[PDB]
Amino acid sequence: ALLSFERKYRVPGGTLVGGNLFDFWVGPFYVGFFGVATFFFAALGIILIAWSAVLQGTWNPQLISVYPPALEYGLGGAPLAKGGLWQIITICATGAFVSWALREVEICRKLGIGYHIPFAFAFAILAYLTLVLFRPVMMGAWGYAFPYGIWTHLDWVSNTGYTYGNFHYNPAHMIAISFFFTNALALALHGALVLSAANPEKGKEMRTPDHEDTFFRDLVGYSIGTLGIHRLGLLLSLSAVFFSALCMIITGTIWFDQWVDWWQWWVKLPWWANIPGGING
Amino acid sequence: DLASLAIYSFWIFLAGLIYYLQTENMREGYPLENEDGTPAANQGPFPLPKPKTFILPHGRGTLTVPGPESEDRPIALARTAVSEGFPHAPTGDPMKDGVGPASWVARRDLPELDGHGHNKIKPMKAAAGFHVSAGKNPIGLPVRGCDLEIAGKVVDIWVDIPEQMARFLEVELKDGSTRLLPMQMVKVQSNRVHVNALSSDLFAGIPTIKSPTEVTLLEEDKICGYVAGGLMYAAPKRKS
Amino acid sequence: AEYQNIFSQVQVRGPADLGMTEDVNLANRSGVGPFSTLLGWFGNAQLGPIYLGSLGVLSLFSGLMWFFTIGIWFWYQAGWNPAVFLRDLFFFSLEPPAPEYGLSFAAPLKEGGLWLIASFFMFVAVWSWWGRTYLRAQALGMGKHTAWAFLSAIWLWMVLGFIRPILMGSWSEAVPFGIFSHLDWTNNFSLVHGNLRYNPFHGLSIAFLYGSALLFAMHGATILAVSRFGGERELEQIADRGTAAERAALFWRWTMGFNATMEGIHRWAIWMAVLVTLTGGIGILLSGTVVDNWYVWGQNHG
Ligand code: BCL
Ligand code: BCL
Ligand code: BCL
Ligand code: BCL
Ligand SMILES: CC[C@H]1c2cc3[nH]c4c(c3C)C(=O)[C@H](C(=O)OC)c4c3nc(cc4[nH]c(cc(n2)[C@@H]1C)c(C(C)=O)c4C)[C@@H](C)[C@@H]3CCC(=O)OC/C=C(\C)CCC[C@@H](C)CCC[C@@H](C)CCCC(C)C
Ligand SMILES: CC[C@H]1c2cc3[nH]c4c(c3C)C(=O)[C@H](C(=O)OC)c4c3nc(cc4[nH]c(cc(n2)[C@@H]1C)c(C(C)=O)c4C)[C@@H](C)[C@@H]3CCC(=O)OC/C=C(\C)CCC[C@@H](C)CCC[C@H](C)CCCC(C)C
Ligand SMILES: COC(C)(C)C(=O)C/C=C(\C)CC/C=C(\C)CC/C=C(\C)CCCC/C(C)=C/CC[C@H](C)CC/C=C(\C)CCC=C(C)C
Ligand SMILES: CCCCCCCCCCCC[N+](C)(C)[O-]
Ligand SMILES: CCCCCCCCCCCC[N+](C)(C)[O-]
Ligand SMILES: CCCCCCCCCCCC[N+](C)(C)[O-]
Ligand SMILES: [Fe+2]
């Protein structure tokens with residue numbers, strides 16, 4: 001089935017690979033070569049996870065967990081029953097994700113729109129790769145990556161965090177949080193603005209984008225504008241994720257001590273390092 | 001206890017919310033149709049929402065959604081397979097017929113108005129006080145297409161008064177007539193403006209406007225759709 | 001080549017815009033400030049005017065008082081010495097009164113009183129600002145969406161330093177005014193309660209915080225992707241759908257099987273964000289009052 005205005009857009013062309021071979025739809029889903037690739041990497045990946053469930057001796061969703069090779073195996077291969085499966089599922093995950101991005105690229109071409117969406121998705125892929133590929137390699141062992149399990153992956157977060165004391169003190173982590181909080185502030189403000197203009201006081205007529213600028217200038221003395229806010233939202237989001245990846249890649253590599261201690265540098269600065277009183281003297 | 005009660009209540013509230021949100025997002029494009037235009041058998045678990053009416057500003061009227069959906073224009077396309085789910089090939093010239101990435105929507109043939117009722121977009125030469133305040137001024141630069149041939153020169157910039165933003169460049173072709181080009185599809189450079197979406201021989205095909213001082217919502221779609229369509233359709237002429 | 005529309009190529013300027021009048025009392029609207037060419041590259045270059053009525057002045061004054069009250073305390077701790085102030089800036093802290101004082105207002109100035117004074121100012125500063133977001137919308141005749149969504153943020157804040165410390169019986173349960181100390185308080189809060197990782201509301205709150213970044217990345221990128229067809233003019237696309245709105249919906253339907261409408265997407269938005277602090281507030285509120293150990297609770301669900 002198609003939306004009332006969809007037919008005129010369903011023309012051929014825009015594919016990156018295979019020409020007209022996979023240029024078709026299944027319901028609302030577009031396929032394309034990368035649509036098949038995604039499906040392939042995905043199916044093979046779930047099978048390995050089911051096979052893993054048997055070997056683990058459980059079928060419960062909250063219990064299934066696929067752990068990476070133990071630190072001992074280094075950056076080498078491990079037996080399926082302990083790390084091997086994780087390694088292959090990771091390859092499958094990477095394959096699925098990259099195929100998804102390219103599928104989006106083909107959909108962009110056919111619709112004649114910019115490539116901003118796939119570009120934004122790639123930051124997500126980057127962050128994932130940072131945790132299961134880049135950090136582990138730099139630390140010399142797959143064992144530092146997180147396990148594929150609903151609850152088990154949460155243990156990993158806590159244990160990795162507390163290994164450096166209170167992870168709050170990670171400077172990059174502080175920056176990443178600020179963007180995550182601000183982005184939510186902006187998402188709330190944007191949704192509220194457009195809606196307040198489209199659904200005015202009962203009985204009144206639709207407000208204009210001018211009313212929107214005025215509202216924000218009356219409230220805080222400035223309005224970034226309708227184009228600016230979408231540029232801002234995209235930016236706050238990618239920054240939150242960029243700094244998140246950064247905050248973890250520096251951890252256990254260039255800095256492996258307690259994060260709180262890192263701040264001593266500021267306190268130890270010559271000109272004030274030796275002055276009685278306060279908190280640090 | 002209270003906690004288990006709260007989380008249980010919350011999950012019910014959430015299901016109701018997702019339901020409410022999906023139905024609200026079905027106010028356009030639905031009911032679903034078959035490729036021939038007749039209503040499709042399977043519409044989904046979500047019922048069409050109860051109509052809402054928008055009171056348009058400036059006495060422009062009213063809009064009620066969901067409502068009777070129709071393209072209000074012919075579509076020059078033909079099927080390429082005996083079963084649904086396959087692409088529909090353009091029967092003529094996709095750029096001229098306005099299909100595929102060259103598609104336009106039959107929006108009202110009136111210009112968008114600002115909060116005060118005046119035209120939102122105007123050529124800079126009619127917008128008293130407006131001037132280029134930063135960056136390279138395009139007025140005067142020749143326009144080059146993806147085939148490396150010059151197709152004309154910029155004779156003005158059409159600005160959005162309310163949001164002080166450049167939206168279109170007015171280009172003059174060899175014949176002395178002008179055409180509008182979307183700002184977001186041109187690269188202003190030190191010695192020229194480059195248009196990758198189109199080749200020189202295609203600039204004359206851009207849809208012309210009625211009045212020399214205003215663009216209507218309908219003409220904006222026809223121009224933007226046409227220039228966007230060049231990326232795919234003017235591709236064989238893109239030697240770079 | 002390939003213009004991304006992240007930054008403007010050329011800037012245009014005209015007479016300062018004083019805005020729409022409607023029922024706004026123009027006597028309180030200040031004059032227009034300077035035009036920022038820097039800001040103009042990303043969004044609008046105009047600064048001001050700003051409306052500043054009675055409620056605004058009150059808010060703006062209480063806010064400075066709150067900020068200043070914490071300021072002189074930091075100074076007192078710094079031994080008044082500017083070098084120490086800048087050195088230990090992050091370590092200073094204005095703590096709540098000791099547990100012994102309970103909910104009393106009779107605590108020594110140097111051991112809790114100043115915190116109660118600072119909190120009072122913040123309380124007034126925030127609530128007067130909320131009332132302000134509701135009135136600026138009314139004077140222009142638009143819906144109250146911004147005021148209701150703001151209320152969602154006020155909820156978590158109200159719970160952390162007012163509702164919860166009250167139900168618990170002492171001001172000591174509140175958050176201290178200090179940069180490093182409030183981070184410590186957060187860590188301490190989790191541990192004292194059996195690890196917040198087991199609080200289902202904390203888990204939901206996180207899903208939404210992550211969801212908000214996902215959604216704005218999707219929304220923003222979508223709009224810039226269709227800005228070439230006038231996509232940012234969201235209000236008019238709602239009133240008269242253009243190809244921008246169609247292509248945006250179609251990209252999504254072809255990718256994941258379903259889509260939104262120009263107006264509809266802003267509904268997903270306001271809710272995705274608002275739920276972050278709504279669920280969060282409930283999760284914090286129950287901690288210590290009803291559930292004193294989330295791990296234990298999660299075991300028997302009693
Ligand atoms: C949420 C659960 C915890 C908590 C956990 C954390 C954690 C964990 C972190 C913070 C961090 C921050 N917290 Mg906290 N925080 C809580 C409650 C609060 C409350 C409150 C009233 O309840 C406040 C005011 C703060 C305030 C702050 C900031 C100091 C900082 C960044 C916030 C932000 O991004 O806003 C975004 C919104 C804005 C409007 C921006 C405000 C102005 C910014 C901060 C500075 C000016 C920038 C300027 C405009 C542009 C640049 C100018 C040039 C520099 C000249 N927290 C509770 C107790 N908070 C992060 C930090 O870095 O701490 C040191 C951090 O890692
Ligand atoms: C006890 C825990 C520690 C701690 C330990 C850590 C550790 C350790 C880590 C973080 C990380 C993060 N921390 Mg911390 N952190 C703490 C307390 C906090 C507090 C707080 C208020 O106290 C906050 C707000 C944060 C916030 C954050 C973020 C900056 C960041 C998570 C976002 C992210 O990385 O996205 C990144 C996004 C992704 C990886 C998503 C990728 C998605 C992929 C590409 C696609 C999925 C497809 C598919 C499977 C989906 C389903 C398909 C079906 C068909 C539907 N931390 C304390 C101190 N923090 C993490 C981080 O920064 O990672 C880099 C991290 O590793
Ligand atoms: C070691 C730390 C503990 C932990 C302890 C806590 C505690 C404690 C809390 C959170 C809370 C939250 N945690 Mg946690 N959390 C941990 C690990 C994580 C992880 C992680 C990756 O594992 C993540 C991603 C998070 C993420 C989050 C957020 C979902 C949530 C905060 C929402 C928010 O927007 O507050 C930011 C927004 C506000 C506080 C609203 C502010 C509104 C007011 C009105 C603003 C006034 C501003 C004005 C005064 C001007 C300011 C001027 C300044 C000078 C700048 N936590 C571990 C288990 N977390 C909060 C929660 O809601 O729990 C359910 C909370 O209280
Ligand atoms: C991001 C930084 C840390 C981390 C820290 C945390 C913390 C802290 C928490 C979560 C939580 C979640 N995490 Mg995690 N998580 C990480 C990396 C991942 C990855 C990954 C591929 O990188 C995935 C798929 C997940 C997935 C999940 C979900 C089970 C859950 C809700 C996510 C959400 O709402 O996002 C927003 C996204 C959307 C709304 C889009 C829809 C996404 C859906 C819901 C994903 C379903 C995944 C599915 C169950 C399993 C994979 C697919 C199957 C094989 C078919 N996490 C890294 C290690 N994660 C929360 C939880 O409740 O866990 C128990 C929580 O408290
Ligand atoms: C749903 C929850 C999310 C959210 C939403 C939200 N917040 C909101 C809103 C909404 C919907 C508003 O409408 C309201 C707003 O007004 O936005 C513009 C607001 C707001 N959220 C704010 C902050 C904020 N929200 C936060 C979080 C969140 N808000 C969540 C992400 C946080 C976090 C993450 O902890 C912060 C820090 C404010 C910008 C604003 C509330 C304004 C307010 O109440 O101020 C009261 C008055 C004062 C403090 C006095 C100010 C005096 C000025 C002179 C200060 C100027 C700045 C100062 C740094 C200058 C110093 C001197 C310089 C020379 C350096
Ligand atoms: C800019 C970064 C932010 C962002 C943006 C973003 N995400 C995106 C996009 C964008 C712009 C898309 O276009 C794309 C999308 O299509 O959304 C509908 C997407 C997307 N973001 C998603 C999830 C997601 N994004 C996340 C985060 C973020 N995304 C950031 C906040 C998270 C977080 C917060 O944790 C998650 C869980 C997906 C819904 C979607 C991508 C879907 C996809 O890639 O499909 C291909 C793969 C499959 C259908 C399944 C593969 C199955 C197996 C091969 C492996 C399964 C196991 C797995 C590896 C581990 C599971 C372990 C967990 C249980 C712990
Ligand atoms: C340069 O030096 C001078 C002096 C000029 C300065 O200007 C310096 C100023 C500073 C150094 C200021 C520094 C400011 C900070 C570091 C502030 C940090 C604040 C936090 C991170 C706070 C975190 C969380 C706070 C919370 C959750 C507060 C909650 C408040 C309440 C809900 C209010 C509750 C009200 C109460 C208890 C009183 C009720 C009273 C009644 C009468 C009803
Ligand atoms: C976070 C995801 C929330 C649920 C999203 C999916 C809801 C069902 C969507 C059905 C769309 C149906 N269709 C194609 C017939 O219109
Ligand atoms: C403390 C709970 C706060 C909930 C905020 C919910 C905001 C919803 C905004 C849309 C509904 C608006 N309306 C018409 C009622 O004003
Ligand atoms: C409107 C979008 C709704 C998205 C909902 C996403 C929920 C993710 C799963 C959360 C699981 C939570 N938990 C552990 C508290 O039960
Ligand atoms: Fe928007």
# chains A, B, ... in the order shown; residues from 1 in each chain; ligands from 1
>>> select_by_dssp(residues="stretch 13-61 of chain A", states="helix (DSSP H, G or I)", output="list in words")
residues 33, 34, 35, 36, 37, 38, 39, 40, 41, 42, 43, 44, 45, 46, 47, 48, 49, 50, 51, 52, 53, 54, 55 and 56 of chain A
>>> write_last_selection(atoms="N, CA and C atoms", output="mmCIF file, in the first residue's frame")
data_model
loop_
_atom_site.group_PDB
_atom_site.id
_atom_site.type_symbol
_atom_site.label_atom_id
_atom_site.label_comp_id
_atom_site.auth_asym_id
_atom_site.auth_seq_id
_atom_site.Cartn_x
_atom_site.Cartn_y
_atom_site.Cartn_z
ATOM 1 N N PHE A 33 20.320 -3.203 -2.773
ATOM 2 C CA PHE A 33 21.368 -4.179 -2.481
ATOM 3 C C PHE A 33 21.647 -4.216 -0.980
ATOM 4 N N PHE A 34 21.813 -3.033 -0.394
ATOM 5 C CA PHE A 34 22.107 -2.908 1.026
ATOM 6 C C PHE A 34 20.951 -3.321 1.925
ATOM 7 N N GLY A 35 19.764 -3.458 1.330
ATOM 8 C CA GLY A 35 18.606 -3.920 2.075
ATOM 9 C C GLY A 35 18.796 -5.418 2.277
ATOM 10 N N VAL A 36 19.306 -6.091 1.244
ATOM 11 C CA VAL A 36 19.584 -7.528 1.300
ATOM 12 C C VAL A 36 20.765 -7.801 2.237
ATOM 13 N N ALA A 37 21.809 -6.980 2.128
ATOM 14 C CA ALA A 37 22.998 -7.115 2.973
ATOM 15 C C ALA A 37 22.597 -6.998 4.448
ATOM 16 N N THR A 38 21.810 -5.974 4.776
ATOM 17 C CA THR A 38 21.346 -5.763 6.148
ATOM 18 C C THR A 38 20.640 -7.026 6.639
ATOM 19 N N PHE A 39 19.713 -7.531 5.830
ATOM 20 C CA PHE A 39 18.965 -8.730 6.174
ATOM 21 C C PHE A 39 19.878 -9.930 6.436
ATOM 22 N N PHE A 40 20.868 -10.101 5.559
ATOM 23 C CA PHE A 40 21.841 -11.186 5.642
ATOM 24 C C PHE A 40 22.657 -11.120 6.937
ATOM 25 N N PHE A 41 23.286 -9.976 7.192
ATOM 26 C CA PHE A 41 24.087 -9.787 8.399
ATOM 27 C C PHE A 41 23.227 -9.905 9.648
ATOM 28 N N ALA A 42 21.980 -9.462 9.552
ATOM 29 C CA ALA A 42 21.067 -9.521 10.685
ATOM 30 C C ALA A 42 20.614 -10.941 11.020
ATOM 31 N N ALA A 43 20.179 -11.702 10.014
ATOM 32 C CA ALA A 43 19.712 -13.077 10.232
ATOM 33 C C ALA A 43 20.831 -13.950 10.805
ATOM 34 N N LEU A 44 21.988 -13.925 10.149
ATOM 35 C CA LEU A 44 23.158 -14.683 10.582
ATOM 36 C C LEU A 44 23.534 -14.317 12.023
ATOM 37 N N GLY A 45 23.385 -13.034 12.359
ATOM 38 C CA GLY A 45 23.692 -12.539 13.689
ATOM 39 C C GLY A 45 22.761 -13.042 14.781
ATOM 40 N N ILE A 46 21.460 -13.105 14.501
ATOM 41 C CA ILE A 46 20.482 -13.586 15.485
ATOM 42 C C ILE A 46 20.647 -15.097 15.707
ATOM 43 N N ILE A 47 21.006 -15.816 14.645
ATOM 44 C CA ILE A 47 21.224 -17.257 14.729
ATOM 45 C C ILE A 47 22.369 -17.523 15.693
ATOM 46 N N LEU A 48 23.478 -16.815 15.519
ATOM 47 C CA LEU A 48 24.613 -16.983 16.413
ATOM 48 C C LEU A 48 24.193 -16.693 17.851
ATOM 49 N N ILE A 49 23.307 -15.717 18.046
ATOM 50 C CA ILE A 49 22.838 -15.388 19.392
ATOM 51 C C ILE A 49 21.959 -16.516 19.954
ATOM 52 N N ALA A 50 21.200 -17.191 19.091
ATOM 53 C CA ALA A 50 20.357 -18.308 19.536
ATOM 54 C C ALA A 50 21.267 -19.499 19.889
ATOM 55 N N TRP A 51 22.240 -19.757 19.020
ATOM 56 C CA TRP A 51 23.206 -20.830 19.207
ATOM 57 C C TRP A 51 23.913 -20.585 20.538
ATOM 58 N N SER A 52 24.221 -19.321 20.813
ATOM 59 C CA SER A 52 24.881 -18.924 22.055
ATOM 60 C C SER A 52 23.996 -19.247 23.260
ATOM 61 N N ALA A 53 22.686 -19.063 23.104
ATOM 62 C CA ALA A 53 21.727 -19.333 24.174
ATOM 63 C C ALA A 53 21.742 -20.808 24.566
ATOM 64 N N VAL A 54 21.889 -21.681 23.571
ATOM 65 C CA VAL A 54 21.942 -23.119 23.813
ATOM 66 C C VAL A 54 23.207 -23.434 24.620
ATOM 67 N N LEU A 55 24.356 -22.982 24.119
ATOM 68 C CA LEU A 55 25.647 -23.202 24.772
ATOM 69 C C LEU A 55 25.692 -22.639 26.190
ATOM 70 N N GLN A 56 24.983 -21.539 26.418
ATOM 71 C CA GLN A 56 24.935 -20.901 27.737
ATOM 72 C C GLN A 56 23.967 -21.661 28.654
#
>>> residues_near_ligand(ligand="ligand 5", cutoff="8 Å", atoms="only C-alpha atoms and all ligand atoms", output="NGL selection string")
(:A and (178 or 180-186 or 188-189 or 192 or 216 or 219-220)) or (:C and (59-64 or 66-67 or 122 or 125-130 or 133 or 146-154 or 273-278))
>>> residues_around(residues="residue B:227", least_positions_apart="2", cutoff="9 Å", atoms="only C-alpha atoms", output="PyMOL selection string")
chain B and resi 95+102+181-182+185+197-198+203+206+222-225+229-231
>>> interface_residues(of="chain B", to="chain A", cutoff="6 Å", atoms="only C-alpha atoms", output="list in words")
residues 29, 30, 32, 33, 34, 55, 56, 57, 85, 86, 87, 88, 89, 99, 100, 101, 115 and 228 of chain B
>>> write_last_selection(atoms="C-alpha atoms", output="short mmCIF file (atom, residue, chain, number, x, y, z; two decimals), in the first residue's frame")
data_model
loop_
_atom_site.label_atom_id
_atom_site.label_comp_id
_atom_site.auth_asym_id
_atom_site.auth_seq_id
_atom_site.Cartn_x
_atom_site.Cartn_y
_atom_site.Cartn_z
CA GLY B 29 -1.43 10.68 3.32
CA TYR B 30 -4.01 8.24 4.71
CA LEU B 32 -3.41 3.89 2.20
CA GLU B 33 -3.97 3.15 -1.47
CA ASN B 34 -3.09 0.46 -3.98
CA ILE B 55 -8.04 28.64 11.04
CA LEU B 56 -5.55 30.09 8.55
CA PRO B 57 -4.33 33.64 9.22
CA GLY B 85 6.17 -3.10 -5.28
CA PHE B 86 8.15 -2.13 -8.37
CA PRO B 87 9.19 1.26 -9.74
CA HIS B 88 7.02 3.21 -12.19
CA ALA B 89 8.89 4.61 -15.19
CA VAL B 99 7.91 13.18 -11.40
CA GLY B 100 10.45 11.36 -9.23
CA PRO B 101 13.07 13.62 -7.60
CA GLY B 115 2.89 38.09 10.49
CA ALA B 228 16.47 18.87 -7.18
#
>>> residues_near_ligand(ligand="ligand 11", cutoff="8 Å", atoms="only C-alpha atoms and all ligand atoms", output="number ranges by chain")
A: 190-191, 194, 226, 229-230; C: 219-220, 223, 232, 234, 262, 265-266
>>> interface_residues(of="chain B", to="chain C", cutoff="8 Å", atoms="only C-alpha atoms", output="compact mmCIF listing (two decimals) with N, CA and C atoms, in the first residue's frame")
# COMPACT_ATOMS: atom_id res chain seq x y z
N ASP B 1 3.63 -3.01 46.18
CA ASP B 1 3.54 -1.72 46.91
C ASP B 1 3.32 -0.57 45.91
N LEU B 2 3.54 0.66 46.38
CA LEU B 2 3.37 1.87 45.58
C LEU B 2 4.24 1.93 44.32
N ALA B 3 5.50 1.50 44.45
CA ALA B 3 6.43 1.51 43.32
C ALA B 3 5.96 0.61 42.17
N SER B 4 5.64 -0.65 42.48
CA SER B 4 5.19 -1.59 41.46
C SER B 4 3.88 -1.09 40.86
N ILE B 7 4.99 1.90 38.36
CA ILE B 7 5.59 1.46 37.11
C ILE B 7 4.57 0.78 36.20
N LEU B 21 -0.22 9.34 19.70
CA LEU B 21 0.78 9.95 18.82
C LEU B 21 0.75 9.41 17.40
N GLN B 22 0.56 8.10 17.24
CA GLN B 22 0.54 7.52 15.91
C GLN B 22 -0.67 8.00 15.14
N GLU B 24 -2.28 10.77 15.55
CA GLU B 24 -2.08 12.17 15.21
C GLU B 24 -1.19 12.28 13.98
N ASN B 25 -0.30 11.31 13.79
CA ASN B 25 0.60 11.33 12.63
C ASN B 25 0.02 10.66 11.38
N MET B 26 -1.29 10.47 11.39
CA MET B 26 -1.99 9.86 10.27
C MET B 26 -2.95 10.87 9.63
N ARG B 27 -2.76 12.15 9.97
CA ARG B 27 -3.61 13.22 9.45
C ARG B 27 -3.31 13.63 8.02
N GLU B 28 -2.31 13.01 7.40
CA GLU B 28 -1.97 13.30 6.01
C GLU B 28 -1.50 12.02 5.33
N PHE B 54 -7.85 23.93 11.08
CA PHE B 54 -6.92 25.03 11.32
C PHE B 54 -7.53 26.28 10.72
N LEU B 56 -6.70 29.44 9.18
CA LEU B 56 -5.55 30.09 8.55
C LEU B 56 -5.54 31.59 8.81
N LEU B 63 -8.47 24.78 6.91
CA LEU B 63 -7.90 23.49 6.51
C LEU B 63 -8.40 22.47 7.53
N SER B 103 9.55 15.94 -8.61
CA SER B 103 8.18 16.16 -8.18
C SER B 103 7.92 17.46 -7.45
N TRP B 104 6.72 17.99 -7.66
CA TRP B 104 6.26 19.21 -7.02
C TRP B 104 4.86 18.92 -6.52
N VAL B 105 4.40 19.68 -5.54
CA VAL B 105 3.06 19.49 -4.99
C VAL B 105 2.19 20.70 -5.35
N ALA B 106 0.94 20.43 -5.70
CA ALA B 106 -0.02 21.47 -6.07
C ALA B 106 -0.45 22.28 -4.84
N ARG B 107 0.49 23.07 -4.32
CA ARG B 107 0.26 23.93 -3.16
C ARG B 107 -0.51 25.16 -3.67
N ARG B 108 -1.14 25.89 -2.77
CA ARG B 108 -1.88 27.08 -3.18
C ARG B 108 -1.01 28.04 -3.99
N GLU B 112 3.54 33.13 0.44
CA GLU B 112 3.46 33.02 1.89
C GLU B 112 3.51 34.44 2.43
N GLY B 115 3.84 37.83 9.42
CA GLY B 115 2.89 38.09 10.49
C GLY B 115 1.98 39.26 10.25
N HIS B 116 2.48 40.26 9.54
CA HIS B 116 1.72 41.48 9.25
C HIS B 116 0.86 41.41 7.98
N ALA B 128 13.35 47.60 0.99
CA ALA B 128 14.09 48.77 1.46
C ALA B 128 14.89 48.47 2.71
N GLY B 129 16.15 48.89 2.71
CA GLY B 129 17.00 48.69 3.87
C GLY B 129 17.84 47.43 3.88
N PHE B 130 17.43 46.42 3.13
CA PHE B 130 18.18 45.17 3.08
C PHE B 130 19.40 45.28 2.19
N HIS B 131 20.48 44.64 2.62
CA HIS B 131 21.75 44.64 1.90
C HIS B 131 22.55 43.46 2.39
N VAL B 132 23.56 43.07 1.62
CA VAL B 132 24.43 41.97 1.99
C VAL B 132 25.33 42.45 3.13
N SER B 133 25.23 41.82 4.29
CA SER B 133 26.02 42.22 5.46
C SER B 133 27.28 41.43 5.78
N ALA B 134 27.45 40.26 5.16
CA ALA B 134 28.63 39.43 5.40
C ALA B 134 28.72 38.36 4.32
N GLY B 135 29.93 37.92 4.01
CA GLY B 135 30.13 36.91 2.98
C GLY B 135 30.29 37.54 1.60
N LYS B 136 30.49 36.71 0.58
CA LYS B 136 30.65 37.22 -0.77
C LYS B 136 29.29 37.54 -1.36
N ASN B 137 29.15 38.78 -1.84
CA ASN B 137 27.92 39.23 -2.48
C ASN B 137 27.87 38.56 -3.86
N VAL B 159 15.10 37.87 -0.70
CA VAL B 159 15.21 37.69 0.73
C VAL B 159 13.91 37.38 1.45
N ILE B 161 12.12 38.56 4.38
CA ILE B 161 12.14 39.72 5.28
C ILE B 161 12.01 39.36 6.76
N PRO B 162 10.95 38.62 7.14
CA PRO B 162 10.75 38.23 8.54
C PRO B 162 11.94 37.53 9.20
N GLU B 163 12.62 36.66 8.47
CA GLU B 163 13.73 35.94 9.06
C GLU B 163 15.09 36.32 8.49
N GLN B 164 15.17 37.54 7.95
CA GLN B 164 16.39 38.10 7.37
C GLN B 164 17.33 37.02 6.86
N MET B 165 16.91 36.37 5.78
CA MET B 165 17.69 35.27 5.22
C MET B 165 17.53 35.22 3.72
N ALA B 166 18.62 34.98 3.01
CA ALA B 166 18.58 34.88 1.55
C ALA B 166 17.98 33.51 1.21
N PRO B 182 17.23 28.03 -5.95
CA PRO B 182 17.22 27.90 -4.49
C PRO B 182 18.63 28.15 -3.93
N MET B 183 18.70 28.93 -2.85
CA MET B 183 19.97 29.25 -2.21
C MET B 183 20.72 27.97 -1.77
N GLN B 184 19.97 27.01 -1.24
CA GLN B 184 20.56 25.76 -0.70
C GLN B 184 21.06 24.80 -1.80
N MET B 185 20.99 25.21 -3.05
CA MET B 185 21.52 24.37 -4.15
C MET B 185 22.62 25.02 -4.99
N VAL B 186 23.19 26.11 -4.49
CA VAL B 186 24.25 26.81 -5.20
C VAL B 186 25.44 27.01 -4.28
N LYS B 187 26.63 27.10 -4.88
CA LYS B 187 27.85 27.33 -4.13
C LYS B 187 28.40 28.66 -4.63
N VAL B 188 28.36 29.68 -3.78
CA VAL B 188 28.87 30.99 -4.16
C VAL B 188 30.38 30.91 -3.97
N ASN B 196 25.67 22.55 -9.39
CA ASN B 196 25.96 21.17 -9.74
C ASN B 196 24.73 20.38 -10.18
N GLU B 220 7.18 27.90 -5.94
CA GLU B 220 8.37 27.54 -5.19
C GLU B 220 8.61 26.03 -5.32
N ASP B 221 7.53 25.25 -5.23
CA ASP B 221 7.63 23.80 -5.35
C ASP B 221 8.09 23.37 -6.73
N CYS B 224 11.93 24.37 -6.97
CA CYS B 224 12.75 23.53 -6.10
C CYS B 224 12.71 22.05 -6.55
N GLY B 225 11.54 21.57 -6.98
CA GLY B 225 11.43 20.20 -7.45
C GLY B 225 12.26 20.01 -8.71
N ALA B 228 16.06 20.05 -7.93
CA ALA B 228 16.47 18.87 -7.18
C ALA B 228 16.55 17.66 -8.13
>>> residues_near_ligand(ligand="ligand 7", cutoff="9 Å", atoms="only C-alpha atoms and all ligand atoms", output="number ranges by chain")
C: 64, 66-75, 85, 89-90, 92-94, 96, 103, 105, 115-124, 126, 154, 156-163, 165-166, 171, 174-183
>>> residues_near_ligand(ligand="ligand 4", cutoff="7 Å", atoms="only C-alpha atoms and all ligand atoms", output="list in words")
residues 46, 128, 146, 150, 151, 153, 154 and 157 of chain A; 197, 202, 203, 204, 206, 207, 208, 210, 211 and 214 of chain C
>>> residues_around(residues="residue A:168", least_positions_apart="3", cutoff="12 Å", atoms="only C-alpha atoms", output="JSON, numbers by chain")
{"A": [158, 161, 162, 164, 165, 171, 172, 173, 174, 175, 176, 177, 178, 247, 258, 259, 260, 261, 262, 263], "C": [179, 180, 181, 182, 183, 184, 185, 186, 187, 188]}
